[PDB]
Amino acid sequence: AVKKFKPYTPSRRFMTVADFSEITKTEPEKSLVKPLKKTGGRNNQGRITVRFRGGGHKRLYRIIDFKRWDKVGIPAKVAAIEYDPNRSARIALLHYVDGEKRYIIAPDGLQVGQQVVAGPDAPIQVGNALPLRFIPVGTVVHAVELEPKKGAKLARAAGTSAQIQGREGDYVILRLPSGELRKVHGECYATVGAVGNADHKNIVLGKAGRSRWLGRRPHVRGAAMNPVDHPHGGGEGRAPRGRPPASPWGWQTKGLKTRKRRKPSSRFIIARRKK
Amino acid sequence: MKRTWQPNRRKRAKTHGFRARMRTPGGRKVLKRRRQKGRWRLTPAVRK
RNA sequence: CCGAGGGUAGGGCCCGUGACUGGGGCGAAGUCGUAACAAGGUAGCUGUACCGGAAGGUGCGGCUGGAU
RNA sequence: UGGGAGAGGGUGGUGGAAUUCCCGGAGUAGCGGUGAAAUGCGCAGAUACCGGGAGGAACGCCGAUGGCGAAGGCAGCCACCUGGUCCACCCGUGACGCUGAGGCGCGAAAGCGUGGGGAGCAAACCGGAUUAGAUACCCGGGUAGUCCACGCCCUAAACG
RNA sequence: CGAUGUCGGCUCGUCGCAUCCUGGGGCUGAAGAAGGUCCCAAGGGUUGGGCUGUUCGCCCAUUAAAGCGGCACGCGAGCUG
RNA sequence: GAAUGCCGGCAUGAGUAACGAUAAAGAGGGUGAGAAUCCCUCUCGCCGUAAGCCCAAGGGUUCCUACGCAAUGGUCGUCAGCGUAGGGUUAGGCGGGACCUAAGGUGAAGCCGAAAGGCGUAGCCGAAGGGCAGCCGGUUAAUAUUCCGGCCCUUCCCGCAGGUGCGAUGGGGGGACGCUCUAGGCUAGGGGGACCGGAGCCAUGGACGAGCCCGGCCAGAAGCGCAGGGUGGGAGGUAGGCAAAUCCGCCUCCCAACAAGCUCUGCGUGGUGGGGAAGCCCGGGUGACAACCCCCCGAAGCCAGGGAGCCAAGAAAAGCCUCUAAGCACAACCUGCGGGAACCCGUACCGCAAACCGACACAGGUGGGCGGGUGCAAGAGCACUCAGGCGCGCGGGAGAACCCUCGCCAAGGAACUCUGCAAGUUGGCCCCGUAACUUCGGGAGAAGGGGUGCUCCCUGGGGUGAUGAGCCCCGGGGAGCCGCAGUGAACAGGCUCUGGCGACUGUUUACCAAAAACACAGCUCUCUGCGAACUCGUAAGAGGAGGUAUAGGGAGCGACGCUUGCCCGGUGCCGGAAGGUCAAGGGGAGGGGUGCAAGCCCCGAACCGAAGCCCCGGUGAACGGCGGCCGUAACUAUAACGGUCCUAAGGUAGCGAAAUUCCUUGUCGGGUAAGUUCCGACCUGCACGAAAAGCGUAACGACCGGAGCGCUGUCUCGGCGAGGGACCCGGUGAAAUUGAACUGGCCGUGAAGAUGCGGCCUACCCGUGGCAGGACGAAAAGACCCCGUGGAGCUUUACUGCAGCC
RNA sequence: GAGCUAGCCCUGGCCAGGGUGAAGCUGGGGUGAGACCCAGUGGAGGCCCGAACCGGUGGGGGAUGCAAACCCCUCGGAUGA
Ligand SMILES: [Mg+2]
Ligand SMILES: [Mg+2]
Ligand SMILES: [Mg+2]
Ligand SMILES: [Mg+2]
Ligand SMILES: [Mg+2]
Ligand SMILES: [Mg+2]
Ligand SMILES: [Mg+2]
Ligand SMILES: [Mg+2]
Ligand SMILES: [Mg+2]
Ligand SMILES: [Mg+2]
Ligand SMILES: [Mg+2]
Ligand SMILES: [Mg+2]
Ligand SMILES: [Mg+2]
Ligand SMILES: [Mg+2]
Ligand SMILES: [Mg+2]
Ligand SMILES: [Mg+2]
Ligand SMILES: [Mg+2]
Ligand SMILES: [Mg+2]
Ligand SMILES: [Mg+2]
Ligand SMILES: [Mg+2]
Ligand SMILES: [Mg+2]
Ligand SMILES: [Mg+2]
Ligand SMILES: [Mg+2]
Ligand SMILES: [Mg+2]
Ligand SMILES: [Mg+2]
Ligand SMILES: [Mg+2]
Ligand SMILES: [Mg+2]
Ligand SMILES: [Mg+2]
Ligand SMILES: [Mg+2]
Ligand SMILES: [Mg+2]
Ligand SMILES: [Mg+2]
Ligand SMILES: [Mg+2]
Ligand SMILES: [Mg+2]
Ligand SMILES: [Mg+2]
Ligand SMILES: [Mg+2]
Ligand SMILES: [Mg+2]
Ligand SMILES: [Mg+2]
Ligand SMILES: [Mg+2]
Ligand SMILES: [Mg+2]
Ligand SMILES: [Mg+2]
Ligand SMILES: [Mg+2]
Ligand SMILES: [Mg+2]
Ligand SMILES: [Mg+2]
Ligand SMILES: [Mg+2]
Ligand SMILES: [Mg+2]
Ligand SMILES: [Mg+2]
Ligand SMILES: [Mg+2]
Ligand SMILES: [Mg+2]
Ligand SMILES: [Mg+2]
Ligand SMILES: [Mg+2]
Ligand SMILES: [Mg+2]
Ligand SMILES: [Mg+2]
Ligand SMILES: [Mg+2]
Ligand SMILES: [Mg+2]
Ligand SMILES: [Mg+2]
Ligand SMILES: [Mg+2]
Ligand SMILES: [Mg+2]
Ligand SMILES: [Mg+2]
Ligand SMILES: [Mg+2]
Ligand SMILES: [Mg+2]
Ligand SMILES: [Mg+2]
Ligand SMILES: [Mg+2]
Ligand SMILES: [Mg+2]
Ligand SMILES: [Mg+2]
Ligand SMILES: [Mg+2]
Ligand SMILES: [Mg+2]
Ligand SMILES: [Mg+2]
Ligand SMILES: [Mg+2]
Ligand SMILES: [Mg+2]
Ligand SMILES: [Mg+2]
Ligand SMILES: [Mg+2]
Ligand SMILES: [Mg+2]
Ligand SMILES: [Mg+2]
Ligand SMILES: [Mg+2]
Ligand SMILES: [Mg+2]
Ligand SMILES: [Mg+2]
Ligand SMILES: [Mg+2]
Ligand SMILES: [Mg+2]
Ligand SMILES: [Mg+2]
Ligand SMILES: [Mg+2]
Ligand SMILES: [Mg+2]
Ligand SMILES: [Mg+2]
Ligand SMILES: [Mg+2]
Ligand SMILES: [Mg+2]
Ligand SMILES: [Mg+2]
Ligand SMILES: [Mg+2]
Ligand SMILES: [Mg+2]
Ligand SMILES: [Mg+2]
Ligand SMILES: [Mg+2]
Ligand SMILES: [Mg+2]
Ligand SMILES: [Mg+2]
Ligand SMILES: [Mg+2]
Ligand SMILES: [Mg+2]
Ligand SMILES: [Mg+2]
Ligand SMILES: [Mg+2]
Ligand SMILES: [Mg+2]
Ligand SMILES: [Mg+2]
Ligand SMILES: [Mg+2]
Ligand SMILES: [Mg+2]
Ligand SMILES: [Mg+2]
Ligand SMILES: [Mg+2]
Ligand SMILES: [Mg+2]
Ligand SMILES: [Mg+2]
Ligand SMILES: [Mg+2]
Ligand SMILES: [Mg+2]
Ligand SMILES: [Mg+2]
Ligand SMILES: [Mg+2]
Ligand SMILES: [Mg+2]
Ligand SMILES: [Mg+2]
Ligand SMILES: [Mg+2]
Ligand SMILES: [Mg+2]
Ligand SMILES: [Mg+2]
Ligand SMILES: [Mg+2]
Ligand SMILES: [Mg+2]
Ligand SMILES: [Mg+2]
Ligand SMILES: [Mg+2]
Ligand SMILES: [Mg+2]
Ligand SMILES: [Mg+2]
Ligand SMILES: [Mg+2]
Ligand SMILES: [Mg+2]
Ligand SMILES: [Mg+2]
Ligand SMILES: [Mg+2]
Ligand SMILES: [Mg+2]
Ligand SMILES: [Mg+2]
Ligand SMILES: [Mg+2]
Ligand SMILES: [Mg+2]
Ligand SMILES: [Mg+2]
Ligand SMILES: [Mg+2]
Ligand SMILES: [Mg+2]
Ligand SMILES: [Mg+2]
Ligand SMILES: [Mg+2]
Ligand SMILES: [Mg+2]
Ligand SMILES: [Mg+2]
Ligand SMILES: [Mg+2]
Ligand SMILES: [Mg+2]
Ligand SMILES: [Mg+2]
Ligand SMILES: [Mg+2]
Ligand SMILES: [Mg+2]
Ligand SMILES: [Mg+2]
Ligand SMILES: [Mg+2]
Ligand SMILES: [Mg+2]
Ligand SMILES: [Mg+2]
Ligand SMILES: [Mg+2]
Ligand SMILES: [Mg+2]
Ligand SMILES: [Mg+2]
Ligand SMILES: [Mg+2]
Ligand SMILES: [Mg+2]
Ligand SMILES: [Mg+2]
Ligand SMILES: [Mg+2]
Ligand SMILES: [Mg+2]
Ligand SMILES: [Mg+2]
Ligand SMILES: [Mg+2]
Ligand SMILES: [Mg+2]
Ligand SMILES: [Mg+2]
Ligand SMILES: [Mg+2]
Ligand SMILES: [Mg+2]
Ligand SMILES: [Mg+2]
Ligand SMILES: [Mg+2]
Ligand SMILES: [Mg+2]
Ligand SMILES: [Mg+2]
Ligand SMILES: [Mg+2]
Ligand SMILES: [Mg+2]
Ligand SMILES: [Mg+2]
Ligand SMILES: [Mg+2]
Ligand SMILES: [Mg+2]
Ligand SMILES: [Mg+2]
Ligand SMILES: [Mg+2]
Ligand SMILES: [Mg+2]
Ligand SMILES: [Mg+2]
Ligand SMILES: [Mg+2]
Ligand SMILES: [Mg+2]
Ligand SMILES: [Mg+2]
Ligand SMILES: [Mg+2]
Ligand SMILES: [Mg+2]
Ligand SMILES: [Mg+2]
Ligand SMILES: [Mg+2]
Ligand SMILES: [Mg+2]
Ligand SMILES: [Mg+2]
Ligand SMILES: [Mg+2]
Ligand SMILES: [Mg+2]
Ligand SMILES: [Mg+2]
Ligand SMILES: [Mg+2]
Ligand SMILES: [Mg+2]
Ligand SMILES: [Mg+2]
Ligand SMILES: [Mg+2]
Ligand SMILES: [Mg+2]
Ligand SMILES: [Mg+2]
Ligand SMILES: [Mg+2]
Ligand SMILES: [Mg+2]
Ligand SMILES: [Mg+2]
Ligand SMILES: [Mg+2]
Ligand SMILES: [Mg+2]
Ligand SMILES: [Mg+2]
Ligand SMILES: [Mg+2]
Ligand SMILES: [Mg+2]
Ligand SMILES: [Mg+2]
Ligand SMILES: [Mg+2]
Ligand SMILES: [Mg+2]
Ligand SMILES: [Mg+2]
Ligand SMILES: [Mg+2]
Ligand SMILES: [Mg+2]
Ligand SMILES: [Mg+2]
Ligand SMILES: [Mg+2]
Ligand SMILES: [Mg+2]
Ligand SMILES: [Mg+2]
Ligand SMILES: [Mg+2]
Ligand SMILES: [Mg+2]
Ligand SMILES: [Mg+2]
Ligand SMILES: [Mg+2]
Ligand SMILES: [Mg+2]
Ligand SMILES: [Mg+2]
Ligand SMILES: [Mg+2]
Ligand SMILES: [Mg+2]
Ligand SMILES: [Mg+2]
Ligand SMILES: [Mg+2]
Ligand SMILES: [Mg+2]
Ligand SMILES: [Mg+2]
Ligand SMILES: [Mg+2]
Ligand SMILES: [Mg+2]
Ligand SMILES: [Mg+2]
Ligand SMILES: [Mg+2]
Ligand SMILES: [Mg+2]
Ligand SMILES: [Mg+2]
Ligand SMILES: [Mg+2]
Ligand SMILES: [Mg+2]
Ligand SMILES: [Mg+2]
Ligand SMILES: [Mg+2]
Ligand SMILES: [Mg+2]
Ligand SMILES: [Mg+2]
Ligand SMILES: [Mg+2]
Ligand SMILES: [Mg+2]
Ligand SMILES: [Mg+2]
Ligand SMILES: [Mg+2]
Ligand SMILES: [Mg+2]
Ligand SMILES: [Mg+2]
Ligand SMILES: [Mg+2]
Ligand SMILES: [Mg+2]
Ligand SMILES: [Mg+2]
Ligand SMILES: [Mg+2]
Ligand SMILES: [Mg+2]
Ligand SMILES: [Mg+2]
Ligand SMILES: [Mg+2]
Ligand SMILES: [Mg+2]
Ligand SMILES: [Mg+2]
Ligand SMILES: [Mg+2]
Ligand SMILES: [Mg+2]
Ligand SMILES: [Mg+2]
Ligand SMILES: [Mg+2]
Ligand SMILES: [Mg+2]
Ligand SMILES: [Mg+2]
Ligand SMILES: [Mg+2]
Ligand SMILES: [Mg+2]
Ligand SMILES: [Mg+2]
Ligand SMILES: [Mg+2]
Ligand SMILES: [Mg+2]
Ligand SMILES: [Mg+2]
Ligand SMILES: [Mg+2]
Ligand SMILES: [Mg+2]
Ligand SMILES: [Mg+2]
Ligand SMILES: [Mg+2]
Ligand SMILES: [Mg+2]
Ligand SMILES: [Mg+2]
Ligand SMILES: [Mg+2]
Ligand SMILES: [Mg+2]
Ligand SMILES: [Mg+2]
């Protein structure tokens, strides 16, 4: 449930914040954090390659277990649910009866004190991870691997999920968060349930400063520039686009499809996203 | 007002120094030319 | 000291009036179509919504105060 | 105290028919639609037929002139939570009652806000007809909306 | 064109006269008073505001009158801008 | 002899401007060849959140002393940051290194690239971050946490004693973290004392006093006290912490728990060692056997790794502790003690500036710490002032114009002007009071007004004590006194009504534009299924992202409210397995060259053969577009209505003479005595119009309009006054410019605006202060204009390529 | 050549004083329970006033300057993009 402010400044009128209600621990596990090296959007040449990035709040990286098939059969207690600055989901601290501690991304409805486990024998319950071929059709899952043992790639952002739609040979068919239908190998692991913090999408930043805290520097329109800078640059006074709307680099940006045509994964994609 | 020269001994040695020049092809050509011209100083003098 | 009142400043209510504008009533000797009363020629009415020169139309739901 | 009937309400599940779309097959010269047509769709393989899949909405028969609710209104089936009401016994309390300006709550549809969902239908809109004309009635399309959650709106031929 | 700064204003004037006023006249369809028209005359004088960058013009209140032109559309090594 | 030629020299301007903050000077004494300028004394002024003191950069002997004055110093110079010479910088504990890691750099392995080279996990380097042992005082002309004195401490080596399964680059713990607010107790620093010490003072009318003036501390092991930080203990199980582990993690049981205990730091005390004023005598002696106490205020610093709240969720590694492995267990490690050992570099001086960056001893720029007192509500603001430091390296006169900065002004009060530009007004605190509108926050300090000093009396509460006095803080009531005036000086909003644009706080053309422009939350379109799309790179490799569609890229629009119509024929994008066209290649009918010949060689039709284009659909918050004529209603006028041409389709809602309206100062209304502006309307909109968004919108604005009140030297219309210059005298002494000059007016003439030609007029020679009409005055080979088959930036359905993609 | 300037990365530092008084919390009221109302507490914010600090709005001066961007008065931000 997103929280509002009274309008005691012009920016508080619309600013909203997450309630942070599921959070039960305000400090991360010291052995599972490491420094997140800030880039400012610059690559190893020192060149900006993603514009308008930098200046955000300092963050530490929490190490997330995106495998879980690491520890088949070994159950674990949900010790805590915590804030993670590096992702939209919340994260859940797991205490394995092994004694090993690990973070997973927190599913919707996960409960502190419940147990979870991974493996082909795991109950079909929120927080458990199983190979796709052992999760029943109709189940909604998250943290899905795309290829066996390569780590969870799909449905990791707050509120997202994928749904198992059918089985075909070694592969299962999923409806991805985007609405795409895709074959994914049956030996790929997934976690049952949707990702939590589903109210993430309803947050209103409220003021320019809040984007800056997140490391988003101001984005300047091509139409605000000069012809040296951008296809939309120049013109006396305001100008319409005067040509097909284009990126800074000249390629068209309303409709032009950009997925590579002869890509091998096309044999595994059944229906392109619809919305 | 604030002018262009803001001396800094570490900056000077690290940017124009003998070891910086010897690192790159361009820098070694600088030393070669300065030795060929007969310059009394091949690299800027900075205290340290 | 209080004090008629006068002065300064800011509020509240009422009345008259105003370029222009909105619809209303009446007039009747005009122009347009004919929406309602018959199954009124698409049964009617209705709250709401969107639309149309106009009466009005259509959607959604409701009523019979609807002919056969 | 002991029984009863019921689409009364709320929540979570869940079944089959049918429409549409997608896939595989088989097949060919039309299909659709109307008062009659045309637009539309179809040899770039439609309609009709079989198999598979996806998804939303509404629940045929039972069904009635029936039942329930204060009204609005409520209809596949299962479970949980919950309201009203009737009967029999004539056991308890001993007028504790009736109404009810204000207040408070509920309140069809359409509409609104945020976010979902979207098969069918369908305001606006586009086109075909009809016609003297036809911003309509009929036909082919079609977006809101219709559906879900939460919050508003508070109207009605909200009628017996 | 190896530069002659360009509208308007302010300041400071000076000149022409085809004279706005004041002085002198003739004609009048000049009774008087007030006008009209032309002639002589440049000595002096020729207001303050509203609008607009304005020059101009319109308007307000006056005035004997509220003249028109030239001086690099006078005057930025004088100011403004 | 000329090239705005080149180099050098030397003129002119000219004894002219200027001599660098308007903080300010005067006199006496000394020195010396020479003194406004050096030294000394007295008086005066200026700074004092500095214009004082400490540190880091940077500078590099500028430091100290002697001798000196040619040049440097804007004058002078005996002086000096200048010349010559001699001297001066002392560390186990301060800073850096023999420690750690950050970005980043480098780089075994490895990857890539014509060469040069580019990457790259580990490792290494890399600091103003982590870590680590010294405080006070004395001494020199010049260094001092460095020398000395006192009292403390660290590491390494060796040895002795006691103790223990010792042992690591390996495991674990810890180091280890934000922002805002903040408790308790302290310290730094400060105020007061009728108390303690002190040389002296009684003046000029009074005072021998609870008089005046001065000072009343600093460092300190162990121990102790106070205040805080850190940490639970025992056993059992164990499959995790890439070996092992008794450690850590996990599970279970017992006990302990907001306690204590153990531990650590701060503060106080503490053997001991120091310091020690005014005044007076010549930095030093004395004061002095100095005293060294009480009360109050009190940090932003300390205890600290404290506490709370919040979202944007806040380094690493070593030191340290613990675990064990090889090994080794006569070793080794731990603890105590003792002796020995302890290297390299920096250290002067300037450091908001005359020593650093600005060519200068330049009104500019330069990071950190301390920065006293009183009063003003507070404060680092303001006035004055302490310590301390200065009077700004030309002066002396005069008392014009004019300029600058400043003060005042009768009557009027915006009449000034493009504009109230500028300058007035207002001005702090307390109390009263406060409108439309509003998104309910605000608008608001709205507006407007009352109070404000001092004296006496009475009284309320808090802090520190002790519960009281004292001190300190916050009040209340009554009665009085003085002046023109009580935030009595300094610092400190003028206000209101109403439009345009932009929602808002922010950002910008360094150095002519701060805005209505950019950004901005927010809205929509679109791409992207992850080895993502996209970006940079030849590549490897990177960013994206250790992210995963509630995510990331691109584009437009720009809070919010109410909305966002019609046109898909052209362009773009998306979809379309048909058809047309389509290159290499395949195919090889048929033909050719040559050879006696097998053969060699060449051309070449049908047919097959991708993307692309054509073709068929879709698509507007994709590029974009959104008509004309004729007729018609009881008078006129107009035209709901009909007709017709054209088109892909003919502009909807809303708005409109507008940041858009040409005609235009449209017309009408308002305001004014008067209104080309402004506001409100009308609509024949030259040429608004719906995300290059349309129409509104509270709040906000150094944005641009219009109006009123207040108040004014803006003005009528100017006057006076002050200081810094201008002016005169002594000192020093530029500049652009300059064909040469013995350089007047008029009317003419002249390449068409003449000091220089003609005629006439006027005119003795030479300066000084002033004014700017001319010398087509100076400056810059015209910021316009054209020309050159001159150049460059930008665009595209110009041409031709290339990357890239298919 | 990034010792100026622009962006980013790592690691440190700075922001006197005063004002307004959000959420929350506690108590009271209210109700079937609530919502909600009032008071106290609290201390939020690209909040307000204003130094340091960062700026550069209007005017005046300067214009062979003190200065190849300075000076005076005034003015913007000053817990934050
Ligand atoms: Mg709220
Ligand atoms: Mg809010
Ligand atoms: Mg709030
Ligand atoms: Mg707001
Ligand atoms: Mg919250
Ligand atoms: Mg949460
Ligand atoms: Mg939640
Ligand atoms: Mg934290
Ligand atoms: Mg770690
Ligand atoms: Mg990382
Ligand atoms: Mg990174
Ligand atoms: Mg790198
Ligand atoms: Mg590099
Ligand atoms: Mg980019
Ligand atoms: Mg960037
Ligand atoms: Mg960030
Ligand atoms: Mg999170
Ligand atoms: Mg397979
Ligand atoms: Mg969230
Ligand atoms: Mg968002
Ligand atoms: Mg964005
Ligand atoms: Mg932008
Ligand atoms: Mg531009
Ligand atoms: Mg460029
Ligand atoms: Mg280009
Ligand atoms: Mg371009
Ligand atoms: Mg353009
Ligand atoms: Mg243009
Ligand atoms: Mg433009
Ligand atoms: Mg334009
Ligand atoms: Mg532009
Ligand atoms: Mg533009
Ligand atoms: Mg623009
Ligand atoms: Mg525009
Ligand atoms: Mg456009
Ligand atoms: Mg254009
Ligand atoms: Mg165009
Ligand atoms: Mg591309
Ligand atoms: Mg794949
Ligand atoms: Mg610097
Ligand atoms: Mg250095
Ligand atoms: Mg350095
Ligand atoms: Mg450096
Ligand atoms: Mg070097
Ligand atoms: Mg040299
Ligand atoms: Mg030599
Ligand atoms: Mg060199
Ligand atoms: Mg009265
Ligand atoms: Mg009277
Ligand atoms: Mg009808
Ligand atoms: Mg009819
Ligand atoms: Mg009918
Ligand atoms: Mg209409
Ligand atoms: Mg019509
Ligand atoms: Mg219709
Ligand atoms: Mg009904
Ligand atoms: Mg009837
Ligand atoms: Mg039935
Ligand atoms: Mg009974
Ligand atoms: Mg309702
Ligand atoms: Mg409804
Ligand atoms: Mg609705
Ligand atoms: Mg018609
Ligand atoms: Mg639809
Ligand atoms: Mg709609
Ligand atoms: Mg809608
Ligand atoms: Mg009925
Ligand atoms: Mg010229
Ligand atoms: Mg010249
Ligand atoms: Mg010239
Ligand atoms: Mg006359
Ligand atoms: Mg007469
Ligand atoms: Mg005559
Ligand atoms: Mg005259
Ligand atoms: Mg004359
Ligand atoms: Mg005029
Ligand atoms: Mg005119
Ligand atoms: Mg006129
Ligand atoms: Mg008169
Ligand atoms: Mg007269
Ligand atoms: Mg003239
Ligand atoms: Mg002319
Ligand atoms: Mg002219
Ligand atoms: Mg002129
Ligand atoms: Mg002139
Ligand atoms: Mg000028
Ligand atoms: Mg002029
Ligand atoms: Mg001139
Ligand atoms: Mg002149
Ligand atoms: Mg010659
Ligand atoms: Mg010359
Ligand atoms: Mg010359
Ligand atoms: Mg020359
Ligand atoms: Mg020369
Ligand atoms: Mg000379
Ligand atoms: Mg002289
Ligand atoms: Mg001269
Ligand atoms: Mg000078
Ligand atoms: Mg000077
Ligand atoms: Mg002297
Ligand atoms: Mg002398
Ligand atoms: Mg002296
Ligand atoms: Mg130097
Ligand atoms: Mg020294
Ligand atoms: Mg020396
Ligand atoms: Mg000398
Ligand atoms: Mg001399
Ligand atoms: Mg001399
Ligand atoms: Mg000299
Ligand atoms: Mg000299
Ligand atoms: Mg000098
Ligand atoms: Mg001498
Ligand atoms: Mg000197
Ligand atoms: Mg000596
Ligand atoms: Mg020592
Ligand atoms: Mg060593
Ligand atoms: Mg290292
Ligand atoms: Mg190092
Ligand atoms: Mg260090
Ligand atoms: Mg040290
Ligand atoms: Mg010590
Ligand atoms: Mg010394
Ligand atoms: Mg950490
Ligand atoms: Mg730190
Ligand atoms: Mg902060
Ligand atoms: Mg102390
Ligand atoms: Mg004090
Ligand atoms: Mg006496
Ligand atoms: Mg006393
Ligand atoms: Mg204590
Ligand atoms: Mg174990
Ligand atoms: Mg101590
Ligand atoms: Mg002493
Ligand atoms: Mg503070
Ligand atoms: Mg957050
Ligand atoms: Mg590291
Ligand atoms: Mg062994
Ligand atoms: Mg031990
Ligand atoms: Mg050594
Ligand atoms: Mg030293
Ligand atoms: Mg300064
Ligand atoms: Mg300083
Ligand atoms: Mg100094
Ligand atoms: Mg110097
Ligand atoms: Mg000087
Ligand atoms: Mg200076
Ligand atoms: Mg002090
Ligand atoms: Mg004050
Ligand atoms: Mg004050
Ligand atoms: Mg101040
Ligand atoms: Mg003092
Ligand atoms: Mg002076
Ligand atoms: Mg001086
Ligand atoms: Mg004089
Ligand atoms: Mg001055
Ligand atoms: Mg006056
Ligand atoms: Mg007035
Ligand atoms: Mg007045
Ligand atoms: Mg004005
Ligand atoms: Mg004041
Ligand atoms: Mg009002
Ligand atoms: Mg209000
Ligand atoms: Mg507000
Ligand atoms: Mg007031
Ligand atoms: Mg106001
Ligand atoms: Mg007094
Ligand atoms: Mg002052
Ligand atoms: Mg103020
Ligand atoms: Mg107003
Ligand atoms: Mg606007
Ligand atoms: Mg703005
Ligand atoms: Mg703007
Ligand atoms: Mg806006
Ligand atoms: Mg905005
Ligand atoms: Mg803004
Ligand atoms: Mg701000
Ligand atoms: Mg510029
Ligand atoms: Mg500029
Ligand atoms: Mg510059
Ligand atoms: Mg510039
Ligand atoms: Mg420039
Ligand atoms: Mg300027
Ligand atoms: Mg600017
Ligand atoms: Mg801009
Ligand atoms: Mg903008
Ligand atoms: Mg919007
Ligand atoms: Mg590239
Ligand atoms: Mg890579
Ligand atoms: Mg990455
Ligand atoms: Mg990456
Ligand atoms: Mg991502
Ligand atoms: Mg509103
Ligand atoms: Mg339309
Ligand atoms: Mg089109
Ligand atoms: Mg098209
Ligand atoms: Mg069409
Ligand atoms: Mg085109
Ligand atoms: Mg296509
Ligand atoms: Mg076919
Ligand atoms: Mg053949
Ligand atoms: Mg032959
Ligand atoms: Mg093809
Ligand atoms: Mg749309
Ligand atoms: Mg077009
Ligand atoms: Mg467009
Ligand atoms: Mg007619
Ligand atoms: Mg108009
Ligand atoms: Mg007008
Ligand atoms: Mg307009
Ligand atoms: Mg226009
Ligand atoms: Mg025109
Ligand atoms: Mg006009
Ligand atoms: Mg005009
Ligand atoms: Mg007019
Ligand atoms: Mg105007
Ligand atoms: Mg008109
Ligand atoms: Mg645009
Ligand atoms: Mg508007
Ligand atoms: Mg603004
Ligand atoms: Mg502004
Ligand atoms: Mg004056
Ligand atoms: Mg005076
Ligand atoms: Mg004077
Ligand atoms: Mg004077
Ligand atoms: Mg001569
Ligand atoms: Mg002439
Ligand atoms: Mg001439
Ligand atoms: Mg002449
Ligand atoms: Mg002559
Ligand atoms: Mg001659
Ligand atoms: Mg001659
Ligand atoms: Mg002559
Ligand atoms: Mg003459
Ligand atoms: Mg002249
Ligand atoms: Mg002059
Ligand atoms: Mg001449
Ligand atoms: Mg001239
Ligand atoms: Mg030129
Ligand atoms: Mg030239
Ligand atoms: Mg030229
Ligand atoms: Mg030229
Ligand atoms: Mg230019
Ligand atoms: Mg020309
Ligand atoms: Mg040519
Ligand atoms: Mg070119
Ligand atoms: Mg840091
Ligand atoms: Mg601050
Ligand atoms: Mg309060
Ligand atoms: Mg709380
Ligand atoms: Mg603020
Ligand atoms: Mg603020
Ligand atoms: Mg300025
Ligand atoms: Mg001013
Ligand atoms: Mg002035
Ligand atoms: Mg000036
Ligand atoms: Mg100049
Ligand atoms: Mg200049
Ligand atoms: Mg200044
Ligand atoms: Mg100033
Ligand atoms: Mg100010
Ligand atoms: Mg402020
Ligand atoms: Mg502040
Ligand atoms: Mg604040
Ligand atoms: Mg701010
Ligand atoms: Mg910040």
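Reminder, nothing fancy here: chain letters follow the sequence lines and each chain counts from 1. Heavy atoms only: backbone and side chains are in, while hydrogens, waters and symmetry mates are out.
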Item checked: Strand-adjacent residues in residues 2-17 of chain A, judged by heavy atoms under 4.0 Å from RNA chain G -> A:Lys6, A:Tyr8, A:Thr9, A:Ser11, A:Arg12, A:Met15
Next item on the list: Represent RNA chain G in dot-bracket notation, 5' to 3'. Only Watson-Crick or G-U wobble pairs with both distances under 3.5 Å count; pseudoknot-style crossings use [ ] and interstrand partners use |.
Entry: ..............(.((((...((((((......))))))...)|)))...(((..((((........)))).)))..).
Note to self: Among residues 189-217 of chain A, which ones have heavy-atom contacts with RNA chain G below 4.0 Å?
What the structure shows: A:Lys207, A:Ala208, A:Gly209, A:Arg212, A:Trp213, A:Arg217
Note to self: Give the residues of residues 218-248 of chain A touching RNA chain G, defined as any heavy atom closer than 4.0 Å, sorted by residue number.
What the structure shows: none
Margin query: For a 4.0 angstrom threshold against heavy atoms of chain A, report the outermost contacting nucleotides of RNA chain G in 5' to 3' order.
Written below: G:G7 to G:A81
Notebook entry, point to check: So which of residues 121-140 of chain A are in contact with RNA chain G, with a heavy-atom cut-off of under 4.0 Å?
Noted result: none
Margin query: Please list, in numerical order, the residues of residues 54-79 of chain A that have a heavy atom closer than 4.0 Å to any atom of RNA chain G.
Written below: A:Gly54, A:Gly55, A:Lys58
Between the protein and nucleotides 611-620 of chain F, list the N/O to N/O atom pairs that are separated by less than 3.5 angstrom.
none

Check: With sequence neighbours left out, what residues match A:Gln163 under side chain to side chain donor-acceptor pair (under 3.5 Å)?
Finding: A:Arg175
